[PDB]
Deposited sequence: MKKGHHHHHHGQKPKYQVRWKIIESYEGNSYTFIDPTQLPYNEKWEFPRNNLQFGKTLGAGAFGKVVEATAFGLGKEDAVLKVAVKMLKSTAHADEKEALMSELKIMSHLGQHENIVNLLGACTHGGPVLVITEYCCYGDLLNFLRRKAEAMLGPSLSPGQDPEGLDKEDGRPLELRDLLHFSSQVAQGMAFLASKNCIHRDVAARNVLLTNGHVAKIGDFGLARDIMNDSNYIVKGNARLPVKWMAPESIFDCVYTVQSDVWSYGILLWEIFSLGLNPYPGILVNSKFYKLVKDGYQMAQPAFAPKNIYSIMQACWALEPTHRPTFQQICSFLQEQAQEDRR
């Protein structure tokens, strides 16, 4: 599936004390439903939708501020309701981070469940990159430092998720939002996503899966770990440094594609990727999951590349 999920892991430095999806919910997040006014839809899919809203008296500082609200369609089945409560429980457990779309509140009584999160004013990274690529063909252009920042910001978010044993399962430039200062943030964006009508999501029987982004062990063996997410981050880095090309350009998803990937096929270096950045992608794409870098290793290598650019 493409929802965030806490996994049980002791390998290395992580320690699972509790799975927050196993327990009911923390009523500290409750917020008055009548103190939201809804605006336009930011996105929608099969069972859910996200709308921008103003929240009146949210948090200790009693601020008025613009937020995003996630909710199910009235047509949603119980399993969809459960999945939303699960996401709320995970987000209540993770704690805040600058590169996550943070939870701010929920409304879980007196009507349908609303999940209130930070609002990101610049929209998705992929469309941002594609507009900056388009501009080159006919304001200010991107620089290497901007692409390094985006890469670092996402890797810091992912390093945070990894430290809490949270797997993402849909890492892709389309699932990165940009907020004030064009800082990147990640979140579980499944509800905003029209997955059933998106050709990037391939039928795999029960499921619709972002196969071009997925580790071989995820595709073949239904294994889903942090190191699976590392593979996907490599695909994302390719998207960033290509200014938003579609992965595996012109290659159809089918049996030849699965065999390519299993046999060690890797996308070519993007035009705007330095060799050192391509080396991150190649490492993320190690066929053996244990030979891939950790998100912390990625973060600390990217921080060196950033210093070099600054010099």
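Residues of the deposited sequence missing from the coordinate set occupy positions 1-16, 155-170.
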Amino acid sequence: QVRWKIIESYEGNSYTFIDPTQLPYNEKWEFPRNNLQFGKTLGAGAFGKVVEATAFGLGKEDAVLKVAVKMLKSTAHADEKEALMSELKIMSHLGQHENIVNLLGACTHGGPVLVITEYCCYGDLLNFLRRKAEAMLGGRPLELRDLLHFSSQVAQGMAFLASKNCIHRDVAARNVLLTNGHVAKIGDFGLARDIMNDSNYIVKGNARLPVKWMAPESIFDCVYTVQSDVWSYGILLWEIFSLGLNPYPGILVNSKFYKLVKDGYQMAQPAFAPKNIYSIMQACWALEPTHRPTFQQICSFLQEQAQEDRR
From here on, numbers count along this sequence of modelled residues.
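What we label the rigid core is the largest C-alpha set whose atoms superpose within 1.5 Å from one form to the other.
Fitting each structure in 5 other deposited structures of this protein onto the rigid core and averaging C-alpha distances over structures and residues, 75-83 emerges as the more displaced of 75-83 and 214-222. With every structure aligned by its rigid core, 20-28 is the stretch of 289-297 and 20-28 whose CA positions lie farther away in 5 other deposited structures of this protein. Taking the PDB entry as given, 28-36 carries the higher mean Cα B factor of the two stretches 272-280 and 28-36. Mean C-alpha B-factor is higher over 127-135 than over the other stretch, the pair under comparison being 127-135 and 167-175. Which of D198, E80, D229, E217 has the largest Cα B-factor in the deposited entry comes down to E80.
Within the group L245, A46, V50, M267, the record's highest C-alpha temperature factor is found at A46.
Annotation for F295: C-alpha temperature factor in the lowest third relative to the rest of the modelled chain, per the entry. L88: CA B factor lies in the middle third for its chain, per the PDB record.
In this PDB entry, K204 carries a Cα temperature factor that places it within the highest third of its chain's modelled residues.
In this PDB entry, the Cα temperature factor of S74 sits in the top third of its chain's modelled residues, the highest group. For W285, the recorded CA B-factor ranks within the lowest third of the chain. Only modelled residues enter the ranking.
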